[PDB]
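Q: One structure, pasted below without further comment.
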Amino acid sequence: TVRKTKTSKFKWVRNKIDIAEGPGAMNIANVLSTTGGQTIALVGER
Amino acid sequence: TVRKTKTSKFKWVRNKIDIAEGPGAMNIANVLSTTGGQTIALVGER
Amino acid sequence: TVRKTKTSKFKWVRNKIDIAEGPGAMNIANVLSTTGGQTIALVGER
Amino acid sequence: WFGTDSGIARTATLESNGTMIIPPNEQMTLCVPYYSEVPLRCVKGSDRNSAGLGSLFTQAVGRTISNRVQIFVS
Amino acid sequence: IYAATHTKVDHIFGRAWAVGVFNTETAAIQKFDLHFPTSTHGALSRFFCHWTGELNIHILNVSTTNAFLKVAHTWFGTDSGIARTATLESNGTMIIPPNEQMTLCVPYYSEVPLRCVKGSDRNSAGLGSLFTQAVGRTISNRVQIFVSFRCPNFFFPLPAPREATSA
Amino acid sequence: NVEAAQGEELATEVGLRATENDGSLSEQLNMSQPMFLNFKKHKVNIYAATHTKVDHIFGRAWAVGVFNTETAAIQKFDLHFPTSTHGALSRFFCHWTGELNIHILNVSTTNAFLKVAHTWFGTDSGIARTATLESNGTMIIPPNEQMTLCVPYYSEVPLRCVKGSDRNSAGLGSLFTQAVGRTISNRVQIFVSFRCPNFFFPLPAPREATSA
Amino acid sequence: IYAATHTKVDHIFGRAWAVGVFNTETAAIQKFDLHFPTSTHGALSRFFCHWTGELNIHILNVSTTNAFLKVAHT
Amino acid sequence: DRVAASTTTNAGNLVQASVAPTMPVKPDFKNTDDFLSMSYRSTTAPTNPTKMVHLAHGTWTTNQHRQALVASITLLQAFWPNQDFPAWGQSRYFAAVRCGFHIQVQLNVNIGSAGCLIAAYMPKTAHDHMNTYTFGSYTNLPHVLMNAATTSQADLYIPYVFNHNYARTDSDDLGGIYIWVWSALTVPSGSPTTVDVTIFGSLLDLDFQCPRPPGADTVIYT
Amino acid sequence: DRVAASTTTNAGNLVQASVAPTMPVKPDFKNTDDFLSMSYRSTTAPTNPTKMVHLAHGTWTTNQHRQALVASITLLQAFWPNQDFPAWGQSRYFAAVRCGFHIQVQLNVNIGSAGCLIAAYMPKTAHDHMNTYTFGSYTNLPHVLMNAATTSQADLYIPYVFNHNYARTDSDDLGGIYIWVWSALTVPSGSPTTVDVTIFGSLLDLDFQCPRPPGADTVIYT
Amino acid sequence: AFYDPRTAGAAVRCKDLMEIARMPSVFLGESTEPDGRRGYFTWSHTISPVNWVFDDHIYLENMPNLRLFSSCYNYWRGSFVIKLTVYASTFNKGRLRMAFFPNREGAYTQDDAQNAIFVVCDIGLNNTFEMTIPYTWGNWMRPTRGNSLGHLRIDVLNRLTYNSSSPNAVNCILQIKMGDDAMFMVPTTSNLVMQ
Amino acid sequence: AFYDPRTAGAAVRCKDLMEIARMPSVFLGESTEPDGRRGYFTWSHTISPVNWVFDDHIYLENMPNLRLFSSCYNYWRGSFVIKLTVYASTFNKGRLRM
Amino acid sequence: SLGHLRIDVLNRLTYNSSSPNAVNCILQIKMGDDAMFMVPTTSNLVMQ
């Protein structure tokens, strides 16, 4: 294209990339990790 | 619906999507990755 | 290099690191998790 | 949403109709948008044309047997 | 009736389509050639000769015995005038884990600025030629590969093609 | 008029040049190449990125070595600079310094963890430092999986030379591994990619070796 | 020569070190005692008597037959 | 006695130990001639190959049914098949063509006849196969319908359309215009049966590149 | 459905019952190609016949005395005697030449030889008779002397000079450059005897007029 | 780490490796013998005007420097600058020209020079003659190792004139310098070893 | 990469491919013979007023262009424009209705 | 079926001596202004 604007669109973007340390290992003891979690309530209401 | 507001609600949203590079491989040597980590303390206190 | 600027470029950066709790376990009951999800529509339109 | 027969057999290959591939020993939440020539589905009737809430297609790949599925509708 | 348009060029070819299935029991490099789509909604692209745009490739790995498989794409065929297929590591290889699949897309590298859909001539006509090999001493590693365009640019029309009963 | 052109001063521009005075070799880089009445010199970028730039070209990795490992004993594996690939484009330079990626790819029929550790100095630092590789920067790799871990530059020689095969300062490194988890036929494949290389000083284009 | 310092106490003990290897075929609770490091770069810590700080534990599970394993410290 | 360089078009001349040039006394180098012995414009010569030329006439009769082919023209090889054509001599050197195309289909039908020919345009890589195309759909192409009655001329402009950037002169690379029978003609008696069709072509946006020996072929894109 | 006229260069087309033209969807008729697949300038093709060309080399030895003729060039018929030359193909159509001339005499003498050749210019009506001219006076002509030592090249520009306004291509009408021995060369031993002389010509201020059938001659001025 | 360039010959790191392509390389210069098609050739006086001293195709794979540089990348653009070099006494004089048809084989008649790029030039106090050939294709890029890049012909305008104090015949060398704008594209492996 | 449209016939890329559907296509025109139901038919004077020259269903699958365009999409909306074309001398006159 | 179209004679073709006896006609279906297509789907046909 003779006419193309110069932007981040050169590089077509991507999905963002991350790294996982623990491969999904459950943690019992720690209260912080324990508090947050999936609810089987409907719309997680209290 | 004859009456619908035009918003991001056309596209019903989604969960955000990411990509994992390393599939959960542990790293020993590097101090940075080593420092952060799961605590077996209660509420991770020092 | 006799001439190097002092920045975050000492440490060469990295990919960001996260931890997964549930290793991809589906949740039926909860409405919140149920609402969001992958669409087989083209460009997820409503 | 239309059945096996749209007046032609459209089931020849299901790749183009919105296929979403599911890994082994795994499950996904994929939702279906509403595509129908009938703006309102009726719950009661069993008539395959406009009555049902849909018709579902699947096939296994990777030369296997005893691949068992279970399907949930929400 | 819908917010999005299924008629728009951008959207319609977003849906991928299945070209080819083969099992691979041998570590030898596999020549696999990609024709433009026939007998599917991809055949809607048969109206245009000249086409240019990058295209996705969804390969799907199935391994009874654990095997890694590699994917590499070359717009020029096996022969560039020399045999460049000696090792596919340097040409853009992207390694795929066992029982897994990836979305990797190929950028447009061609000495012909516009691919023509119709012709089968291996030089400039096809939309590409695909290379793979298994690793990890295995057999019956079976793959299936899907081709989806991304933001295609179609140039110039042609008349609607005849259905071929005689092939 | 339109067609003709004349001298006598600018005959430098029309391509007459004395090779005996080259200035610096880098001074020739500044030299404006000759042109006739009709030629259009225009730099046309077809791609946004440049494949010619040093940074980009060595981003593409290249495959050095394949071996199966059935034994828990520590594996000595030595890394030469690339031959017979696009990595061989690096053969123009002697002195090289920069950190380099290592992509190892684990294949295990029976489930096995495998460990990776790198040492710029060889097996012998004057003592045998290979007793256990845990402390030297080990990074553990899960079965049927692969990782991108990159090695920082630690060397008593500030500049590695590409050409030489001499184990002391010449190679770009020596790689250590061992399997764990009581297994056999654990097979690996290892890929080496540079990151932001610094190449110093050129050499002439090397001969292809038929006789090796 | 390097931005970071390998000499600093914080950094040097970041690199972990391997203490002990054992297979476990039995569900019975395993007593495993941790001595301070010998015969490694951890032995650099042998200069000091009194030590206080929290410590990481990297355990690595290898199971031919699928098995979950639990870790607890006292 | 210094270095003197000389450059014209492609050729160039690097001389050492030069001598200052000479010219006749009171020279006048102005090109044009005033007063003029020729009424033509001096830009004629380079422009000349653009001149429009008769191309590949054909004869369309009763007997020919629909989908039949009246006449055929291979576009890029059409303007200089022979030495007679104006663009030949200057195309016998340069090996590539970026040129655009102007083709005007001439036709004459005695009033009282009815039928249609269609003038289409098929690029090379399309032309490779006729067998694929439904006939009823040829109107997708850039084209012009021609009615027997009340159409004297059909004017269609074709921009350059081809895979490769430049196209080889001596080959068919641009494809070509093919003229098809849209419906049979209907003749009352008496009338002349054969209705003569002459495709009267032209050329515009002239371009040439990549010098070669006069008679030899050369590959470029493949 | 009206009267439509079309004119390009010489040819022209007067059509009745015209039809409005067609063009492919979103046409772009800009000639040049950006980005460029060719570094050349697009004005190359018409400019090309102006390119400088090797012309009629000759061999000047010891034995030849003064007033002898080294080599001969018939000026206007010189640039396209064969099909190989660049200006031939486009001169094989147009029958007249207003063109000016640029000729650079190339010569190489091994240092240690002494003598001179003279490059003169004789128009046709002058060239008709050699017998009239005293040799010692040839320097009246537009010319350049060439010393054996310390002359690499002799650059002379010749404006158009001829009786009639325009001159016929296929003929000798412009006359031609003739190179004469001003003094014998003197060779010490050992040396190569023959000193090769190549007249390396060119052309400028290109002009052509008066179209003709490709191979046929046509009279104009006589 | 903080890298140390100053130990190296060049203080500043090489950003683009294209600058290596710009370095001249003798065409097919692997031969010790002086003759005749090998890019190192002998200009002799035994030959009359208009006869080939040097005629051969030039593949991109013949020239030593770009030979590996060709195996690495599949495609390239950009003009040539190819330069002939004659070595002769200040006495010795003669003129030879270089005809080049891009994209040609088995070329010319030896009669037809024109309608092809050429540089007529003279031996003297100066020697190297550089001439630039823009790339020519219908494509927006070309295959690197592949079809012939076309002949260059070297013929006599004027035979070498030798003196008694001067050599009889001179030895010449061709060098292909890569152009200003020349890009390379889409890196690719090859079957060759050590390059 | 920067794509190059100008090499192609059309400078501007085709945004919507609907514009191909807008292109006319002869109904069931696969026949060389002139008659009689095939969409290419013969208007004759041998027939009195009010008699069929052409009568047939039109499936969306009969017309050549939309035939594949139909196989690609299951559903469609929107009006037709269907056009009859007679070719006759300026002399010849007659009236027919659809 | 999308429905019949019928073509009938209001007035027979009137032919002259200099004029053809019978004329050949052609139907063409042009798709409309507003026509959408929906929900892409495969079919059993080949090459289309």
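Going by the structure tokens order, chains are called A, B, ..., each with residues numbered from 1, while ligands are numbered from 1 in the order shown.
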Counting only C-alpha atoms, a student should be able to say which residues of chain K come within 10 Å of chain I; what is the right answer, written as a list in words?
A: residues 2, 3, 4, 5, 6, 7, 8, 9, 10, 11, 12, 13 and 14 of chain K
Q: Set the distance at 9 Å and use only C-alpha atoms: which residues neighbour residue 119 of chain F once local chain neighbours fewer than 5 positions away are removed? I'd like the list as a list in words.
A: residues 136, 137, 154, 173, 174, 175 and 176 of chain F
Q: Can you write just those residues out, C-alpha atoms, as a PDB file, in the first residue's frame?
A:
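Output (part22.pdb):
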ATOM      1  CA  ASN F 136      25.619 -23.362  39.101  1.00  0.00           C
ATOM      2  CA  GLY F 137      22.308 -22.009  37.789  1.00  0.00           C
ATOM      3  CA  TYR F 154      30.016 -14.944  32.466  1.00  0.00           C
ATOM      4  CA  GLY F 173      29.765 -22.542  25.895  1.00  0.00           C
ATOM      5  CA  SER F 174      29.455 -26.034  27.319  1.00  0.00           C
ATOM      6  CA  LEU F 175      26.110 -27.466  28.348  1.00  0.00           C
ATOM      7  CA  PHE F 176      25.263 -29.800  31.261  1.00  0.00           C
TER       8      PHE F 176
END
Q: Between atom CA of residue 66 of chain J and atom CA of residue 140 of chain J, measure the distance and give it in Å to one decimal.
A: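 Interatomic distance here is 20.5 Å.
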Q: Considering only C-alpha atoms, return as an mmCIF file with N, CA, C and O atoms, in the first residue's frame whatever protein or nucleic-acid residues lie within 7 Å of segment 148-162 of chain I, sequence-local ones (same chain, fewer than 5 positions apart) excluded.
A:
data_model
loop_
_atom_site.group_PDB
_atom_site.id
_atom_site.type_symbol
_atom_site.label_atom_id
_atom_site.label_comp_id
_atom_site.auth_asym_id
_atom_site.auth_seq_id
_atom_site.Cartn_x
_atom_site.Cartn_y
_atom_site.Cartn_z
ATOM 1 N N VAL H 15 36.746 9.191 -19.101
ATOM 2 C CA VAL H 15 37.942 9.450 -19.887
ATOM 3 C C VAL H 15 39.012 10.084 -19.024
ATOM 4 O O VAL H 15 38.716 10.901 -18.157
ATOM 5 N N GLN H 16 40.261 9.707 -19.267
ATOM 6 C CA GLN H 16 41.394 10.365 -18.638
ATOM 7 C C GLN H 16 42.189 11.083 -19.714
ATOM 8 O O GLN H 16 42.143 10.695 -20.878
ATOM 9 N N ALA H 17 42.903 12.135 -19.322
ATOM 10 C CA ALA H 17 43.674 12.951 -20.253
ATOM 11 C C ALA H 17 42.784 13.520 -21.356
ATOM 12 O O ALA H 17 43.086 13.403 -22.541
ATOM 13 N N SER H 18 41.685 14.138 -20.947
ATOM 14 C CA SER H 18 40.717 14.708 -21.871
ATOM 15 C C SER H 18 41.216 15.983 -22.526
ATOM 16 O O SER H 18 42.180 16.594 -22.073
ATOM 17 N N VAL H 19 40.559 16.359 -23.615
ATOM 18 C CA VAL H 19 40.822 17.616 -24.295
ATOM 19 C C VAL H 19 39.524 18.400 -24.400
ATOM 20 O O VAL H 19 38.478 17.827 -24.681
ATOM 21 N N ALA H 20 39.587 19.707 -24.167
ATOM 22 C CA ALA H 20 38.412 20.565 -24.281
ATOM 23 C C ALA H 20 37.773 20.441 -25.664
ATOM 24 O O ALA H 20 38.475 20.397 -26.670
ATOM 25 N N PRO H 21 36.436 20.381 -25.711
ATOM 26 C CA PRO H 21 35.659 20.140 -26.930
ATOM 27 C C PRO H 21 35.696 21.295 -27.920
ATOM 28 O O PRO H 21 36.105 22.394 -27.556
ATOM 29 N N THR H 22 35.284 21.039 -29.159
ATOM 30 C CA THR H 22 35.216 22.079 -30.176
ATOM 31 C C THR H 22 33.828 22.183 -30.788
ATOM 32 O O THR H 22 33.070 21.223 -30.796
ATOM 33 N N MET H 23 33.513 23.362 -31.306
ATOM 34 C CA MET H 23 32.245 23.604 -31.974
ATOM 35 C C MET H 23 32.432 24.627 -33.091
ATOM 36 O O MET H 23 33.273 25.517 -32.987
ATOM 37 N N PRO H 27 27.821 28.690 -33.130
ATOM 38 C CA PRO H 27 26.924 27.541 -33.178
ATOM 39 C C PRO H 27 25.559 27.880 -32.607
ATOM 40 O O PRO H 27 25.483 28.699 -31.693
ATOM 41 N N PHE H 29 22.481 25.545 -31.112
ATOM 42 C CA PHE H 29 22.086 24.170 -30.835
ATOM 43 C C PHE H 29 20.604 23.977 -30.574
ATOM 44 O O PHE H 29 20.183 22.883 -30.216
ATOM 45 N N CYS I 99 18.496 15.649 -36.080
ATOM 46 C CA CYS I 99 19.340 15.428 -34.908
ATOM 47 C C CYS I 99 20.709 16.089 -34.963
ATOM 48 O O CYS I 99 21.285 16.258 -36.032
ATOM 49 N N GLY I 100 21.213 16.471 -33.792
ATOM 50 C CA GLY I 100 22.569 16.972 -33.651
ATOM 51 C C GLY I 100 23.490 15.812 -33.339
ATOM 52 O O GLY I 100 23.017 14.693 -33.174
ATOM 53 N N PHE I 101 24.792 16.058 -33.245
ATOM 54 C CA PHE I 101 25.746 14.959 -33.127
ATOM 55 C C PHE I 101 26.824 15.190 -32.089
ATOM 56 O O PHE I 101 27.352 16.290 -31.961
ATOM 57 N N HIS I 102 27.148 14.138 -31.352
ATOM 58 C CA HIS I 102 28.229 14.180 -30.383
ATOM 59 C C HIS I 102 29.181 13.026 -30.612
ATOM 60 O O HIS I 102 28.816 11.875 -30.412
ATOM 61 N N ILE I 103 30.407 13.318 -31.018
ATOM 62 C CA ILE I 103 31.360 12.249 -31.270
ATOM 63 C C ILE I 103 32.660 12.456 -30.525
ATOM 64 O O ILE I 103 33.287 13.503 -30.617
ATOM 65 N N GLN I 104 33.046 11.430 -29.774
ATOM 66 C CA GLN I 104 34.228 11.468 -28.934
ATOM 67 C C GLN I 104 35.261 10.490 -29.456
ATOM 68 O O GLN I 104 35.070 9.286 -29.345
ATOM 69 N N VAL I 105 36.361 10.985 -30.005
ATOM 70 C CA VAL I 105 37.333 10.081 -30.601
ATOM 71 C C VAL I 105 38.220 9.468 -29.532
ATOM 72 O O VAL I 105 38.947 10.169 -28.838
ATOM 73 N N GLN I 106 38.162 8.150 -29.411
ATOM 74 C CA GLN I 106 38.960 7.432 -28.428
ATOM 75 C C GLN I 106 40.262 7.008 -29.072
ATOM 76 O O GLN I 106 40.282 6.595 -30.227
ATOM 77 N N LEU I 107 41.354 7.130 -28.331
ATOM 78 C CA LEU I 107 42.654 6.705 -28.820
ATOM 79 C C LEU I 107 43.580 6.325 -27.672
ATOM 80 O O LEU I 107 43.516 6.912 -26.596
ATOM 81 N N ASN I 108 44.442 5.344 -27.904
ATOM 82 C CA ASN I 108 45.421 4.956 -26.901
ATOM 83 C C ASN I 108 46.794 4.750 -27.517
ATOM 84 O O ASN I 108 46.979 3.895 -28.377
ATOM 85 N N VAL I 109 47.760 5.539 -27.063
ATOM 86 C CA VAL I 109 49.123 5.410 -27.540
ATOM 87 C C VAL I 109 50.064 5.056 -26.409
ATOM 88 O O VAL I 109 50.129 5.753 -25.400
ATOM 89 N N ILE I 111 53.088 5.131 -24.332
ATOM 90 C CA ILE I 111 53.979 6.254 -24.081
ATOM 91 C C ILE I 111 55.318 5.988 -24.735
ATOM 92 O O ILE I 111 55.877 4.902 -24.599
ATOM 93 N N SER I 113 55.608 6.962 -28.140
ATOM 94 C CA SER I 113 55.336 7.073 -29.568
ATOM 95 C C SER I 113 54.892 8.487 -29.900
ATOM 96 O O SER I 113 54.282 9.158 -29.078
ATOM 97 N N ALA I 114 55.203 8.944 -31.106
ATOM 98 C CA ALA I 114 54.919 10.324 -31.478
ATOM 99 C C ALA I 114 54.345 10.440 -32.878
ATOM 100 O O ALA I 114 54.859 9.846 -33.821
ATOM 101 N N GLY I 115 53.282 11.228 -33.001
ATOM 102 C CA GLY I 115 52.585 11.422 -34.259
ATOM 103 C C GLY I 115 51.199 11.974 -34.005
ATOM 104 O O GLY I 115 50.780 12.075 -32.861
ATOM 105 N N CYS I 116 50.481 12.338 -35.062
ATOM 106 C CA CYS I 116 49.147 12.893 -34.885
ATOM 107 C C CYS I 116 48.139 12.461 -35.923
ATOM 108 O O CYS I 116 48.441 12.375 -37.110
ATOM 109 N N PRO I 123 30.776 17.844 -44.222
ATOM 110 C CA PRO I 123 29.375 17.677 -44.612
ATOM 111 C C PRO I 123 29.259 17.053 -45.994
ATOM 112 O O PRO I 123 30.243 17.065 -46.732
ATOM 113 N N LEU I 174 24.204 13.787 -43.844
ATOM 114 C CA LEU I 174 24.961 14.620 -42.916
ATOM 115 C C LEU I 174 26.459 14.628 -43.183
ATOM 116 O O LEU I 174 27.203 15.325 -42.502
#
Q: Within 12 Å of chain L, which residues of chain C are there when counting only C-alpha atoms? Please give them as a list in words.
A: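 Taken together, these residues fit the definition: residues 40, 41 and 42 of chain C.
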Q: For the atom pair atom CA of residue 42 of chain J and atom CA of residue 168 of chain J, what is the interatomic distance in Å to one decimal place?
A: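 Atom-to-atom, atom CA of residue 42 of chain J and atom CA of residue 168 of chain J are spaced 10.5 Å apart.
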Q: With 12 Å as the cut-off and only C-alpha atoms counted, what is the closest atom pair between each nearby residue of chain D and chain L? Distances in Å to one decimal, ordered by chain and number, as CSV.
A:
residue,atom,partner,partner_atom,distance
D:1,CA,L:39,CA,10.4
D:2,CA,L:39,CA,10.8
D:4,CA,L:43,CA,11.7
D:5,CA,L:43,CA,11.1
D:6,CA,L:43,CA,10.3
D:7,CA,L:43,CA,10.9
D:8,CA,L:43,CA,7.6
D:9,CA,L:43,CA,6.8
D:10,CA,L:43,CA,4.9
D:11,CA,L:43,CA,7.4
D:12,CA,L:44,CA,5.6
D:13,CA,L:42,CA,6.6
D:14,CA,L:42,CA,7.2
D:15,CA,L:42,CA,7.9
D:16,CA,L:42,CA,5.9
D:17,CA,L:41,CA,5.0
D:18,CA,L:41,CA,8.6
D:19,CA,L:41,CA,10.9
D:33,CA,L:39,CA,10.4
D:34,CA,L:39,CA,10.2
D:35,CA,L:39,CA,7.1
D:36,CA,L:39,CA,9.3
D:37,CA,L:38,CA,10.3
Q: Please dump the current selection as a short mmCIF file (atom, residue, chain, number, x, y, z; two decimals), in the first residue's frame; keep N, CA, C and O atoms.
A:
data_model
loop_
_atom_site.label_atom_id
_atom_site.label_comp_id
_atom_site.auth_asym_id
_atom_site.auth_seq_id
_atom_site.Cartn_x
_atom_site.Cartn_y
_atom_site.Cartn_z
N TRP D 1 -28.65 -24.60 14.40
CA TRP D 1 -30.04 -24.41 14.75
C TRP D 1 -30.97 -25.10 13.77
O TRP D 1 -31.92 -25.77 14.16
N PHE D 2 -30.70 -24.93 12.48
CA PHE D 2 -31.38 -25.74 11.49
C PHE D 2 -30.88 -27.15 11.67
O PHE D 2 -29.74 -27.36 12.09
N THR D 4 -30.19 -31.34 10.53
CA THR D 4 -29.32 -31.97 9.55
C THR D 4 -29.66 -31.51 8.14
O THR D 4 -28.77 -31.24 7.33
N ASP D 5 -30.95 -31.41 7.85
CA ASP D 5 -31.41 -31.00 6.53
C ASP D 5 -31.85 -29.55 6.47
O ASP D 5 -32.84 -29.16 7.08
N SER D 6 -31.09 -28.75 5.72
CA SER D 6 -31.51 -27.40 5.38
C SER D 6 -32.19 -27.42 4.02
O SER D 6 -32.51 -26.37 3.46
N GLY D 7 -32.40 -28.62 3.50
CA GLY D 7 -32.88 -28.81 2.15
C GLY D 7 -31.77 -29.38 1.30
O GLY D 7 -31.98 -29.87 0.19
N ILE D 8 -30.56 -29.32 1.85
CA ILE D 8 -29.39 -29.94 1.27
C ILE D 8 -28.70 -30.57 2.47
O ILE D 8 -29.04 -30.24 3.60
N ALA D 9 -27.76 -31.48 2.26
CA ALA D 9 -27.07 -32.03 3.41
C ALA D 9 -25.86 -31.16 3.68
O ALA D 9 -24.88 -31.18 2.94
N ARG D 10 -25.94 -30.39 4.75
CA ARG D 10 -24.90 -29.43 5.09
C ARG D 10 -23.92 -30.00 6.08
O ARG D 10 -23.04 -29.31 6.58
N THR D 11 -24.09 -31.29 6.38
CA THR D 11 -23.31 -31.95 7.40
C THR D 11 -22.03 -32.57 6.86
O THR D 11 -21.33 -33.27 7.59
N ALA D 12 -21.76 -32.35 5.58
CA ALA D 12 -20.62 -32.96 4.90
C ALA D 12 -19.33 -32.80 5.68
O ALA D 12 -18.62 -33.77 5.94
N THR D 13 -19.03 -31.57 6.07
CA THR D 13 -17.94 -31.32 7.01
C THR D 13 -18.34 -30.18 7.93
O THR D 13 -18.90 -29.17 7.50
N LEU D 14 -18.07 -30.35 9.22
CA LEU D 14 -18.58 -29.42 10.22
C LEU D 14 -17.56 -28.35 10.57
O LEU D 14 -17.78 -27.55 11.46
N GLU D 15 -16.45 -28.33 9.85
CA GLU D 15 -15.37 -27.41 10.15
C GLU D 15 -15.76 -25.94 9.98
O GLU D 15 -15.33 -25.09 10.75
N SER D 16 -16.58 -25.66 8.97
CA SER D 16 -16.86 -24.29 8.59
C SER D 16 -18.04 -23.67 9.33
O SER D 16 -18.26 -22.46 9.26
N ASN D 17 -18.80 -24.49 10.04
CA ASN D 17 -20.06 -24.02 10.61
C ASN D 17 -19.91 -23.44 12.02
O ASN D 17 -20.91 -23.22 12.70
N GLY D 18 -18.67 -23.21 12.46
CA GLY D 18 -18.45 -22.76 13.83
C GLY D 18 -17.80 -23.73 14.79
O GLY D 18 -17.91 -23.58 16.01
N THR D 19 -17.13 -24.74 14.24
CA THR D 19 -16.40 -25.74 15.02
C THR D 19 -15.50 -25.13 16.08
O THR D 19 -14.79 -24.17 15.82
N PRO D 33 -24.42 -18.37 19.65
CA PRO D 33 -25.25 -17.20 19.36
C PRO D 33 -26.56 -17.64 18.75
O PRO D 33 -26.67 -18.79 18.34
N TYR D 34 -27.54 -16.76 18.69
CA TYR D 34 -28.83 -17.16 18.17
C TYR D 34 -28.87 -16.91 16.67
O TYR D 34 -28.90 -15.77 16.22
N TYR D 35 -28.85 -17.99 15.89
CA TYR D 35 -29.10 -17.89 14.46
C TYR D 35 -30.31 -18.74 14.11
O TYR D 35 -30.23 -19.96 14.12
N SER D 36 -31.42 -18.11 13.76
CA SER D 36 -32.61 -18.86 13.41
C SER D 36 -33.50 -18.08 12.46
O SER D 36 -33.57 -16.86 12.52
N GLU D 37 -34.19 -18.80 11.59
CA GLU D 37 -35.12 -18.18 10.67
C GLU D 37 -36.45 -17.99 11.36
O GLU D 37 -37.39 -17.43 10.79
#
Q: Nearest to chain J among E:19, E:57, E:112, E:4, with distances taken over only C-alpha atoms: which residue is it?
A: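 Distance minimum relative to chain J lands on E:112.
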Q: Using atom CA of residue 166 of chain J and atom CA of residue 126 of chain J as the two end points, give the distance in Å to one decimal.
A: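 Separating atom CA of residue 166 of chain J from atom CA of residue 126 of chain J is a distance of 17.2 Å.
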Q: Mind checking which residues fall within 10 Å of residue 35 of chain G, counting only C-alpha atoms, ignoring those fewer than 2 positions away in the same chain, and posting them as a list in words?
A: residues 19, 20, 32, 33, 37 and 38 of chain G
Q: When you count only C-alpha atoms, which of these residues is closest to chain E: H:187, H:130, H:210, H:73?
A: H:130
Q: Which residues in chain G does DSSP call alpha helix (DSSP H)? List them as a ChimeraX atom specification.
A: /G:9-12
Q: Any chance you can output those residues with N, CA and C atoms as a compact mmCIF listing (two decimals), in the first residue's frame?
A:
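Below is the file selection.txt, written as the result:
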# COMPACT_ATOMS: atom_id res chain seq x y z
N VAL G 9 24.98 -10.61 50.25
CA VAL G 9 24.35 -11.73 50.94
C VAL G 9 23.01 -12.08 50.34
N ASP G 10 22.26 -11.05 49.97
CA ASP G 10 20.92 -11.22 49.43
C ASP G 10 20.93 -12.10 48.18
N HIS G 11 21.83 -11.79 47.26
CA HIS G 11 21.88 -12.45 45.96
C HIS G 11 22.43 -13.87 46.02
N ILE G 12 23.58 -14.04 46.66
CA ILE G 12 24.30 -15.32 46.64
C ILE G 12 23.47 -16.53 47.07
Q: Mind dumping a table of every chain C residue within 9 Å of chain E, with the nearest atom pair and its distance in Å to one decimal, using only C-alpha atoms, sorted by chain and rising number, as CSV?
A:
residue,atom,partner,partner_atom,distance
C:42,CA,E:11,CA,6.6
C:43,CA,E:11,CA,7.1
C:44,CA,E:4,CA,8.2
C:45,CA,E:4,CA,5.6
C:46,CA,E:2,CA,6.2
Q: As a ChimeraX atom specification, please: the residues near segment 144-158 of chain J (cut-off 8 Å, only C-alpha atoms, same-chain neighbours under 4 positions excluded).
A: /E:80-82 /I:57,107-108,195-198 /J:47-61,70-71,73-76,94-107
Q: Leaving out residue 26 of chain L and any residue of its chain fewer than 3 positions from it, which residues lie within 12 Å of it when counting only C-alpha atoms, given as a PyMOL selection string?
A: (chain H and resi 66+115-116+136+182-184) or (chain K and resi 24-31+34-43+53-54+82-87) or (chain L and resi 7+23+29)
Q: Check which residues of chain G sit at most 12 Å from chain A using only C-alpha atoms, and return one row each with the closest pair of atoms and their distance in Å to one decimal, ordered by chain and rising number, as a Markdown table.
A:
| residue | atom | partner | partner_atom | distance |
| --- | --- | --- | --- | --- |
| G:58 | CA | A:22 | CA | 10.6 |
| G:59 | CA | A:22 | CA | 11.2 |
| G:60 | CA | A:22 | CA | 11.2 |
| G:61 | CA | A:25 | CA | 11.5 |
| G:68 | CA | A:25 | CA | 10.2 |
| G:69 | CA | A:25 | CA | 10.7 |
| G:70 | CA | A:26 | CA | 10.2 |
| G:71 | CA | A:27 | CA | 10.1 |
| G:72 | CA | A:29 | CA | 9.4 |
| G:73 | CA | A:29 | CA | 11.1 |
